[PDB]
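Everything below concerns the one structure shown next.
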Number of protein chains: 2
Amino acid sequence: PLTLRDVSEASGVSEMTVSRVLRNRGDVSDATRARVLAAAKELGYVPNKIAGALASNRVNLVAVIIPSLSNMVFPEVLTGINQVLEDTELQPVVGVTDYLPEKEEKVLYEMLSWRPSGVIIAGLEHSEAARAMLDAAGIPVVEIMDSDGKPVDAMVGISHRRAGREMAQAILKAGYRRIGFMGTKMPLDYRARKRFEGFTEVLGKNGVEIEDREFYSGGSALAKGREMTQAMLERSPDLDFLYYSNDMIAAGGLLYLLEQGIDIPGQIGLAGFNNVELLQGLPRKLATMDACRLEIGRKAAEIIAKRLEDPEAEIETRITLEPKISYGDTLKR
Amino acid sequence: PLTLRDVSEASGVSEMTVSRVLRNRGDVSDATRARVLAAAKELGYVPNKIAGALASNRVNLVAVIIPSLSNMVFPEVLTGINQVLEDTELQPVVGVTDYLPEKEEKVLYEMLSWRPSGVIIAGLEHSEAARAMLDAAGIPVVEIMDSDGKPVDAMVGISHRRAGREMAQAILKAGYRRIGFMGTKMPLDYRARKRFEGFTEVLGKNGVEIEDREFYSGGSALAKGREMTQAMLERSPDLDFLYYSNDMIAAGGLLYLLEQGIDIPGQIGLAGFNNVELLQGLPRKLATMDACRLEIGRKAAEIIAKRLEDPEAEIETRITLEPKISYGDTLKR
């Protein structure tokens, strides 16, 4: 339970003092200061830093609202965020939405009621109520991962539309026909859907129609990649190329194909998305594209950091990154 | 920055009434209570719920302090925490510590200054002050994952010493001699070290020892497991079993061996720890032991939830889970 009337018995000081020192209030000699502070540090007493008004006087909490920590996209984004804010000032905290508009709305509401200093949130699609909240927050807001839309305030991401188009072009160039696509967390993941639309736009444009497609509404996973790939290949045995919404499922498909002794890319080419580290420990190098996860995280915390230092900041807020396709050895012939 | 006045003018009622609807203090009819709430949502207004000082008045935040989100262990614990708190008015928030004591203390301090309603923190080893804060807090505190040492308050986990000891029992029994051990994130990960210890013991008491051993200071990685394993069969090509600190690196080693066309557990068997979903997508089924990730998180949340609704309750706060080894391929023989 421990409280103030306890820092006194140790600090041995009146009652009055303790406060005047904990929040840098009065003068108090350089000795009486580190006198009570060190007394409370022995007890484990931590000053109440939240007791305070609405905006203007906010807590050092930076709200990081993302869809999932189960893939391997955001763990890296958060790592970027931390490095930048590690310059002890603001404290990043993560809230998970599971891609549900409804839960994103409920989570942002909760965190906003705590009066944070900043908000870093994933994607550009939100419910009407959630969008209204990000608009009426008197604090900086950085929407991350996607730049195929209209940001509320700040933005840092890549164009998923492009990601899809580029991959489709490289595959057409490489000479594949009879494609086939597999994606997870659909239709909830708006970015994966955009990548698929970019892909689709180019193929049709060149008179090509995807031969087969498999969409799973649940989460990404290695097992799911093996399952979908084997199911699709039995359904459409003559496909020469498989495009996955992400590296994880692609990895699962890779291991299944190799296990079946199929020639990659001789018979079948493959490509995924995100360029996660896990790709470096596989027997073959999967074609993919870097989602720029680390940089997006560092840059997002970079904005919020400046904004809070110099209100009149006056610096770039909407950043669009353009990663390149890592070809590996599963696409080019 | 929107204010009550904004909600009042768009609602048609007095700020005093808006406040009573929001602070849920009045006796306002549901017709006007609904008109006010409906107006707050159109505007994007979020009520400041941080008007409570120190002990007695806490925010509805649940501090979830863990070391990493980059392994494949904690995202799952978090899912379990979320499932249980889904019902409640509590909102879990995560803080990463990178396994560093000094940093765990900084994160714990910051969050404790926001006066949370509960704390879920990984492990039993904390700095002097960090441990003191946890005990000075007047809230439910649950230490998760490790059940070895002594807790400050609540606890949910497994004995990592037992884990290593059990995996040693099964290994020796199957005939293996000349064991190799690979670990990652040591000496930062106390729990992995505890597993290595119980593993050693059973082996030393049976007159057996690790032929080749390599500890790694960095993070788990499928690629790292791959490199490590290759540098060990090149250094000591006569090993017959490889025990890994976690499944991530084990999976890397596994793929490598099957790539080298060797038989498992024919020429050499292998095992890990955690039992991550990723294992489900591999060509062979790696022997390992469940870390009870999901269950631990649900149970920690449950403890915090029940101790918040009825501080007088009296419930099981010290829980030790006992998972059993998961065989299949790679070990039995």
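By order of appearance in the structure tokens: chains A, B, ..., then residues from 1 within every chain, and ligands from 1 in the order shown.
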
Give the residues of chain B that lie within 7 Å of chain A; count only C-alpha atoms, and format the answer as a PDB file with N, CA and C atoms, in the first residue's frame.
```
ATOM      1  N   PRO B   1      -7.519  21.176 -29.579  1.00  0.00           N
ATOM      2  CA  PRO B   1      -7.817  20.412 -28.338  1.00  0.00           C
ATOM      3  C   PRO B   1      -9.252  20.673 -27.888  1.00  0.00           C
ATOM      4  N   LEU B   2     -10.130  19.701 -28.099  1.00  0.00           N
ATOM      5  CA  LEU B   2     -11.528  19.848 -27.725  1.00  0.00           C
ATOM      6  C   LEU B   2     -11.736  19.843 -26.221  1.00  0.00           C
ATOM      7  N   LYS B  41     -18.926  11.395 -29.471  1.00  0.00           N
ATOM      8  CA  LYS B  41     -18.413  10.523 -30.533  1.00  0.00           C
ATOM      9  C   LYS B  41     -18.332  11.176 -31.904  1.00  0.00           C
ATOM     10  N   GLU B  42     -19.255  12.085 -32.200  1.00  0.00           N
ATOM     11  CA  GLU B  42     -19.237  12.781 -33.482  1.00  0.00           C
ATOM     12  C   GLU B  42     -18.038  13.732 -33.464  1.00  0.00           C
ATOM     13  N   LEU B  43     -17.832  14.382 -32.316  1.00  0.00           N
ATOM     14  CA  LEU B  43     -16.753  15.350 -32.136  1.00  0.00           C
ATOM     15  C   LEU B  43     -15.402  14.683 -32.061  1.00  0.00           C
ATOM     16  N   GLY B  44     -15.355  13.554 -31.367  1.00  0.00           N
ATOM     17  CA  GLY B  44     -14.105  12.835 -31.205  1.00  0.00           C
ATOM     18  C   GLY B  44     -13.544  13.153 -29.835  1.00  0.00           C
ATOM     19  N   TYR B  45     -14.445  13.465 -28.912  1.00  0.00           N
ATOM     20  CA  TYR B  45     -14.055  13.809 -27.560  1.00  0.00           C
ATOM     21  C   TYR B  45     -13.853  12.594 -26.664  1.00  0.00           C
ATOM     22  N   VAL B  46     -12.713  12.576 -25.982  1.00  0.00           N
ATOM     23  CA  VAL B  46     -12.370  11.497 -25.066  1.00  0.00           C
ATOM     24  C   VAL B  46     -12.212  12.082 -23.668  1.00  0.00           C
ATOM     25  N   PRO B  47     -13.054  11.639 -22.727  1.00  0.00           N
ATOM     26  CA  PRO B  47     -13.036  12.099 -21.341  1.00  0.00           C
ATOM     27  C   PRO B  47     -11.752  11.754 -20.600  1.00  0.00           C
ATOM     28  N   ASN B  48     -11.198  12.747 -19.915  1.00  0.00           N
ATOM     29  CA  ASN B  48      -9.985  12.570 -19.129  1.00  0.00           C
ATOM     30  C   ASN B  48     -10.360  11.673 -17.955  1.00  0.00           C
ATOM     31  N   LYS B  49      -9.803  10.467 -17.908  1.00  0.00           N
ATOM     32  CA  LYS B  49     -10.115   9.541 -16.826  1.00  0.00           C
ATOM     33  C   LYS B  49      -8.991   9.450 -15.806  1.00  0.00           C
ATOM     34  N   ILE B  50      -8.115  10.447 -15.821  1.00  0.00           N
ATOM     35  CA  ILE B  50      -6.982  10.490 -14.910  1.00  0.00           C
ATOM     36  C   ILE B  50      -7.106  11.625 -13.894  1.00  0.00           C
ATOM     37  N   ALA B  51      -8.173  11.594 -13.102  1.00  0.00           N
ATOM     38  CA  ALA B  51      -8.386  12.620 -12.088  1.00  0.00           C
ATOM     39  C   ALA B  51      -8.131  12.049 -10.690  1.00  0.00           C
ATOM     40  N   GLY B  52      -7.485  10.884 -10.640  1.00  0.00           N
ATOM     41  CA  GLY B  52      -7.196  10.239  -9.369  1.00  0.00           C
ATOM     42  C   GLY B  52      -5.741  10.260  -8.928  1.00  0.00           C
ATOM     43  N   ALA B  53      -5.518  10.680  -7.686  1.00  0.00           N
ATOM     44  CA  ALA B  53      -4.176  10.771  -7.118  1.00  0.00           C
ATOM     45  C   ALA B  53      -3.755   9.535  -6.320  1.00  0.00           C
ATOM     46  N   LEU B  54      -2.452   9.249  -6.354  1.00  0.00           N
ATOM     47  CA  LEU B  54      -1.835   8.118  -5.660  1.00  0.00           C
ATOM     48  C   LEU B  54      -2.728   6.910  -5.378  1.00  0.00           C
ATOM     49  N   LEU B  69       9.777  -8.976 -27.901  1.00  0.00           N
ATOM     50  CA  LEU B  69       8.581  -9.274 -28.666  1.00  0.00           C
ATOM     51  C   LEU B  69       9.103  -9.852 -29.963  1.00  0.00           C
ATOM     52  N   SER B  70      10.422 -10.021 -30.010  1.00  0.00           N
ATOM     53  CA  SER B  70      11.119 -10.528 -31.186  1.00  0.00           C
ATOM     54  C   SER B  70      11.453 -12.022 -31.159  1.00  0.00           C
ATOM     55  N   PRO B  75       4.490 -12.744 -27.620  1.00  0.00           N
ATOM     56  CA  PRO B  75       3.286 -12.237 -28.291  1.00  0.00           C
ATOM     57  C   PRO B  75       2.081 -13.096 -27.883  1.00  0.00           C
ATOM     58  N   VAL B  93      -1.189  -2.818 -21.498  1.00  0.00           N
ATOM     59  CA  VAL B  93      -0.266  -2.059 -22.315  1.00  0.00           C
ATOM     60  C   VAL B  93       1.117  -2.670 -22.107  1.00  0.00           C
ATOM     61  N   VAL B  94       1.882  -2.798 -23.184  1.00  0.00           N
ATOM     62  CA  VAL B  94       3.195  -3.438 -23.108  1.00  0.00           C
ATOM     63  C   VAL B  94       4.438  -2.550 -23.194  1.00  0.00           C
ATOM     64  N   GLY B  95       5.433  -2.911 -22.391  1.00  0.00           N
ATOM     65  CA  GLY B  95       6.701  -2.208 -22.368  1.00  0.00           C
ATOM     66  C   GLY B  95       7.800  -3.244 -22.518  1.00  0.00           C
ATOM     67  N   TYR B 109       9.454   2.167 -13.565  1.00  0.00           N
ATOM     68  CA  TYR B 109       9.297   3.430 -12.847  1.00  0.00           C
ATOM     69  C   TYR B 109       8.278   4.329 -13.551  1.00  0.00           C
ATOM     70  N   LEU B 112       4.808   2.949 -13.347  1.00  0.00           N
ATOM     71  CA  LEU B 112       4.304   3.022 -11.986  1.00  0.00           C
ATOM     72  C   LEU B 112       3.941   4.459 -11.610  1.00  0.00           C
ATOM     73  N   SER B 113       4.472   5.436 -12.337  1.00  0.00           N
ATOM     74  CA  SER B 113       4.153   6.827 -12.025  1.00  0.00           C
ATOM     75  C   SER B 113       2.809   7.210 -12.619  1.00  0.00           C
ATOM     76  N   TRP B 114       2.278   6.356 -13.484  1.00  0.00           N
ATOM     77  CA  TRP B 114       0.981   6.630 -14.086  1.00  0.00           C
ATOM     78  C   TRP B 114      -0.092   5.980 -13.222  1.00  0.00           C
ATOM     79  N   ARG B 115       0.345   5.381 -12.119  1.00  0.00           N
ATOM     80  CA  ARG B 115      -0.545   4.717 -11.180  1.00  0.00           C
ATOM     81  C   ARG B 115      -1.468   3.698 -11.830  1.00  0.00           C
ATOM     82  N   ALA B 129      16.088  -1.566  -6.598  1.00  0.00           N
ATOM     83  CA  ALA B 129      14.978  -0.627  -6.613  1.00  0.00           C
ATOM     84  C   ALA B 129      13.746  -1.161  -7.335  1.00  0.00           C
ATOM     85  N   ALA B 132      11.937  -3.218  -5.141  1.00  0.00           N
ATOM     86  CA  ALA B 132      11.319  -2.427  -4.087  1.00  0.00           C
ATOM     87  C   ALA B 132      10.038  -1.752  -4.583  1.00  0.00           C
ATOM     88  N   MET B 133      10.079  -1.205  -5.794  1.00  0.00           N
ATOM     89  CA  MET B 133       8.909  -0.555  -6.376  1.00  0.00           C
ATOM     90  C   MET B 133       7.762  -1.563  -6.452  1.00  0.00           C
ATOM     91  N   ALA B 136       6.295  -1.916  -3.125  1.00  0.00           N
ATOM     92  CA  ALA B 136       5.732  -0.700  -2.543  1.00  0.00           C
ATOM     93  C   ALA B 136       4.412  -0.379  -3.245  1.00  0.00           C
ATOM     94  N   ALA B 137       4.253  -0.900  -4.461  1.00  0.00           N
ATOM     95  CA  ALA B 137       3.036  -0.689  -5.240  1.00  0.00           C
ATOM     96  C   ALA B 137       1.862  -1.258  -4.447  1.00  0.00           C
ATOM     97  N   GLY B 138       0.736  -0.560  -4.450  1.00  0.00           N
ATOM     98  CA  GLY B 138      -0.410  -1.060  -3.708  1.00  0.00           C
ATOM     99  C   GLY B 138      -1.346  -1.820  -4.621  1.00  0.00           C
ATOM    100  N   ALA B 221      17.420 -16.431 -33.573  1.00  0.00           N
ATOM    101  CA  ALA B 221      17.235 -16.235 -34.997  1.00  0.00           C
ATOM    102  C   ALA B 221      17.395 -17.574 -35.687  1.00  0.00           C
ATOM    103  N   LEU B 222      16.519 -17.829 -36.651  1.00  0.00           N
ATOM    104  CA  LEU B 222      16.557 -19.064 -37.397  1.00  0.00           C
ATOM    105  C   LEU B 222      17.921 -19.204 -38.065  1.00  0.00           C
ATOM    106  N   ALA B 223      18.450 -18.088 -38.558  1.00  0.00           N
ATOM    107  CA  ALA B 223      19.749 -18.063 -39.232  1.00  0.00           C
ATOM    108  C   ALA B 223      20.865 -18.318 -38.244  1.00  0.00           C
ATOM    109  N   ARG B 226      21.220 -21.824 -37.454  1.00  0.00           N
ATOM    110  CA  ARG B 226      21.829 -22.469 -38.604  1.00  0.00           C
ATOM    111  C   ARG B 226      23.349 -22.328 -38.581  1.00  0.00           C
ATOM    112  N   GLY B 252      16.430 -23.677 -37.038  1.00  0.00           N
ATOM    113  CA  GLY B 252      17.469 -23.334 -37.992  1.00  0.00           C
ATOM    114  C   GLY B 252      18.418 -24.508 -38.105  1.00  0.00           C
ATOM    115  N   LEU B 278       5.495 -22.030 -34.875  1.00  0.00           N
ATOM    116  CA  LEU B 278       6.363 -22.178 -36.030  1.00  0.00           C
ATOM    117  C   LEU B 278       6.762 -23.635 -36.259  1.00  0.00           C
ATOM    118  N   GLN B 280       5.133 -26.180 -35.985  1.00  0.00           N
ATOM    119  CA  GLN B 280       4.057 -26.880 -36.669  1.00  0.00           C
ATOM    120  C   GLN B 280       4.202 -26.845 -38.185  1.00  0.00           C
ATOM    121  N   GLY B 281       4.977 -25.882 -38.685  1.00  0.00           N
ATOM    122  CA  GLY B 281       5.158 -25.756 -40.119  1.00  0.00           C
ATOM    123  C   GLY B 281       6.444 -26.330 -40.682  1.00  0.00           C
ATOM    124  N   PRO B 283       9.293 -29.395 -41.726  1.00  0.00           N
ATOM    125  CA  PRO B 283       9.278 -30.722 -42.352  1.00  0.00           C
ATOM    126  C   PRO B 283       9.281 -31.906 -41.388  1.00  0.00           C
TER     127      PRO B 283
END
```

- Message: I'd like to know which residues of region 102-140 of chain B are alpha helix (DSSP H) (by DSSP, run on the backbone); could you write them as a count of residues only?
- Response: 20

- DSSP on the backbone: what in region 76-322 of chain A comes out strand (DSSP E or B), as a ChimeraX atom specification? /A:91-96,118-122,141-146,154-158,181-183,213-215,241-244,269-271,274,287-290,318-321

Keeping N, CA and C atoms for every residue in the selection just given, could you write it to a file as a short mmCIF file (atom, residue, chain, number, x, y, z; two decimals), in the first residue's frame?
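Now in part.cif:
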```cif
data_model
loop_
_atom_site.label_atom_id
_atom_site.label_comp_id
_atom_site.auth_asym_id
_atom_site.auth_seq_id
_atom_site.Cartn_x
_atom_site.Cartn_y
_atom_site.Cartn_z
N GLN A 91 7.83 7.63 -22.96
CA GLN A 91 7.79 6.18 -22.77
C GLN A 91 6.79 5.54 -23.72
N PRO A 92 7.29 4.80 -24.72
CA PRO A 92 6.42 4.14 -25.70
C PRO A 92 5.71 2.96 -25.03
N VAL A 93 4.45 2.74 -25.38
CA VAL A 93 3.68 1.61 -24.86
C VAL A 93 2.83 1.06 -26.00
N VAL A 94 2.74 -0.26 -26.08
CA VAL A 94 2.01 -0.87 -27.17
C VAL A 94 0.62 -1.38 -26.82
N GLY A 95 -0.30 -1.17 -27.75
CA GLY A 95 -1.67 -1.63 -27.60
C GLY A 95 -1.98 -2.42 -28.86
N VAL A 96 -2.57 -3.61 -28.69
CA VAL A 96 -2.87 -4.48 -29.84
C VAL A 96 -4.36 -4.52 -30.20
N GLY A 118 1.91 11.55 -27.30
CA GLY A 118 1.84 11.28 -28.73
C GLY A 118 1.20 9.95 -29.07
N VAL A 119 0.82 9.80 -30.34
CA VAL A 119 0.19 8.58 -30.81
C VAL A 119 0.79 8.11 -32.13
N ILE A 120 1.23 6.86 -32.16
CA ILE A 120 1.75 6.25 -33.38
C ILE A 120 0.76 5.11 -33.66
N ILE A 121 0.03 5.19 -34.76
CA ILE A 121 -0.95 4.16 -35.06
C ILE A 121 -0.80 3.56 -36.47
N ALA A 122 -1.08 2.27 -36.59
CA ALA A 122 -0.96 1.55 -37.85
C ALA A 122 -2.11 1.69 -38.84
N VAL A 141 0.03 12.89 -34.21
CA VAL A 141 -0.41 11.55 -34.57
C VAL A 141 0.35 11.09 -35.79
N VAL A 142 0.96 9.92 -35.69
CA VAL A 142 1.69 9.39 -36.83
C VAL A 142 1.13 8.05 -37.26
N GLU A 143 0.49 8.03 -38.42
CA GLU A 143 -0.06 6.79 -38.96
C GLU A 143 1.09 6.11 -39.71
N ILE A 144 1.39 4.87 -39.35
CA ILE A 144 2.50 4.16 -39.99
C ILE A 144 2.16 2.96 -40.86
N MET A 145 3.17 2.55 -41.63
CA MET A 145 3.13 1.39 -42.54
C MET A 145 2.55 1.59 -43.93
N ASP A 146 1.58 2.49 -44.07
CA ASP A 146 0.96 2.69 -45.37
C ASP A 146 0.80 4.15 -45.79
N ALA A 154 0.49 13.23 -39.24
CA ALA A 154 1.77 12.75 -39.75
C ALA A 154 1.63 11.34 -40.34
N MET A 155 2.57 10.98 -41.20
CA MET A 155 2.53 9.69 -41.86
C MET A 155 3.90 9.20 -42.31
N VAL A 156 4.14 7.90 -42.13
CA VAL A 156 5.39 7.28 -42.54
C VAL A 156 5.08 5.85 -42.96
N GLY A 157 5.32 5.54 -44.23
CA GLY A 157 5.06 4.21 -44.73
C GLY A 157 5.55 4.01 -46.15
N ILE A 158 5.05 2.97 -46.81
CA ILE A 158 5.41 2.68 -48.18
C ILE A 158 4.10 2.52 -48.94
N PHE A 181 -2.27 -16.79 -56.11
CA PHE A 181 -1.97 -15.95 -54.95
C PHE A 181 -2.55 -16.49 -53.65
N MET A 182 -1.80 -16.29 -52.57
CA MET A 182 -2.21 -16.71 -51.23
C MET A 182 -1.95 -15.58 -50.23
N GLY A 183 -2.96 -15.32 -49.41
CA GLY A 183 -2.85 -14.27 -48.42
C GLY A 183 -3.57 -14.65 -47.15
N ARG A 213 -6.49 -18.56 -56.38
CA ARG A 213 -6.21 -17.73 -55.22
C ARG A 213 -6.82 -18.32 -53.95
N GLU A 214 -6.09 -18.19 -52.84
CA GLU A 214 -6.53 -18.71 -51.55
C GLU A 214 -6.38 -17.61 -50.50
N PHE A 215 -7.49 -17.29 -49.84
CA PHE A 215 -7.50 -16.26 -48.81
C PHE A 215 -7.90 -16.85 -47.49
N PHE A 241 4.02 -19.98 -60.81
CA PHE A 241 4.40 -18.97 -59.82
C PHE A 241 3.42 -18.75 -58.65
N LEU A 242 3.97 -18.64 -57.45
CA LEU A 242 3.17 -18.42 -56.25
C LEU A 242 3.58 -17.15 -55.52
N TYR A 243 2.64 -16.22 -55.40
CA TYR A 243 2.85 -14.96 -54.71
C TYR A 243 2.08 -14.97 -53.39
N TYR A 244 2.80 -14.73 -52.29
CA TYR A 244 2.22 -14.74 -50.95
C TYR A 244 2.06 -13.33 -50.36
N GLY A 269 8.18 -20.50 -59.32
CA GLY A 269 8.83 -19.37 -58.67
C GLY A 269 8.00 -18.95 -57.47
N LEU A 270 8.64 -18.24 -56.54
CA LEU A 270 7.99 -17.77 -55.32
C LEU A 270 8.46 -16.39 -54.91
N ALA A 271 7.59 -15.66 -54.22
CA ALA A 271 7.90 -14.34 -53.71
C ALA A 271 6.95 -14.02 -52.55
N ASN A 274 7.78 -8.31 -46.91
CA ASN A 274 8.27 -7.88 -45.59
C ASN A 274 9.77 -8.01 -45.38
N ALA A 287 12.31 -14.57 -52.75
CA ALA A 287 12.13 -13.27 -53.36
C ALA A 287 11.14 -12.55 -52.45
N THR A 288 11.36 -11.26 -52.23
CA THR A 288 10.49 -10.47 -51.37
C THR A 288 10.79 -8.99 -51.53
N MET A 289 10.17 -8.17 -50.68
CA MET A 289 10.41 -6.73 -50.69
C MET A 289 10.39 -6.26 -49.24
N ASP A 290 11.38 -5.46 -48.87
CA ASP A 290 11.50 -4.95 -47.51
C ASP A 290 10.40 -3.95 -47.20
N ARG A 318 4.81 13.93 -43.73
CA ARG A 318 4.36 12.82 -44.56
C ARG A 318 5.49 12.22 -45.39
N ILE A 319 6.07 11.13 -44.89
CA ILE A 319 7.17 10.45 -45.57
C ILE A 319 6.75 9.16 -46.27
N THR A 320 7.11 9.03 -47.55
CA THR A 320 6.80 7.84 -48.32
C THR A 320 8.11 7.18 -48.71
N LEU A 321 8.32 5.95 -48.24
CA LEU A 321 9.54 5.22 -48.55
C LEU A 321 9.29 4.30 -49.73
#
```

- Task: Can you pull out every residue within 10 Å of residue 209 (chain B), counting only C-alpha atoms, but drop anything in the same chain fewer than 4 positions away, and send it as a VMD selection string?
- Result: chain B and resid 177 to 180 200 to 205

- Message: List the spatial neighbours of residue 267 (chain B) as a PyMOL selection string - criterion: any atom at most 12 Å away, only C-alpha atoms, same-chain residues fewer than 2 positions off excluded.
- Response: chain B and resi 175-176+233+237-242+257-258+260-265+269-270+330-331+333

Taking C-alpha atoms for each residue, export the selection above as a PDB file, in the first residue's frame.
```pdb
ATOM      1  CA  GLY B 175      21.052 -43.629 -25.571  1.00  0.00           C
ATOM      2  CA  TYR B 176      22.610 -40.309 -26.530  1.00  0.00           C
ATOM      3  CA  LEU B 233      29.393 -30.297 -36.495  1.00  0.00           C
ATOM      4  CA  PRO B 237      31.400 -33.968 -36.115  1.00  0.00           C
ATOM      5  CA  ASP B 238      30.818 -36.918 -33.794  1.00  0.00           C
ATOM      6  CA  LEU B 239      27.967 -35.488 -31.686  1.00  0.00           C
ATOM      7  CA  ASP B 240      24.739 -37.478 -31.517  1.00  0.00           C
ATOM      8  CA  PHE B 241      22.406 -34.897 -29.950  1.00  0.00           C
ATOM      9  CA  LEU B 242      22.014 -31.133 -30.096  1.00  0.00           C
ATOM     10  CA  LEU B 257      20.854 -30.939 -40.952  1.00  0.00           C
ATOM     11  CA  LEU B 258      18.049 -32.127 -43.229  1.00  0.00           C
ATOM     12  CA  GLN B 260      22.967 -31.927 -45.281  1.00  0.00           C
ATOM     13  CA  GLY B 261      20.981 -35.100 -45.866  1.00  0.00           C
ATOM     14  CA  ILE B 262      21.587 -36.498 -42.384  1.00  0.00           C
ATOM     15  CA  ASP B 263      19.045 -38.623 -40.526  1.00  0.00           C
ATOM     16  CA  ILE B 264      17.195 -37.493 -37.405  1.00  0.00           C
ATOM     17  CA  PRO B 265      17.233 -39.104 -34.864  1.00  0.00           C
ATOM     18  CA  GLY B 269      18.642 -36.168 -32.581  1.00  0.00           C
ATOM     19  CA  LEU B 270      17.764 -32.663 -31.416  1.00  0.00           C
ATOM     20  CA  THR B 330      14.161 -35.953 -33.725  1.00  0.00           C
ATOM     21  CA  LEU B 331      14.512 -37.755 -30.348  1.00  0.00           C
ATOM     22  CA  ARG B 333      14.464 -43.390 -31.809  1.00  0.00           C
TER      23      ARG B 333
END
```
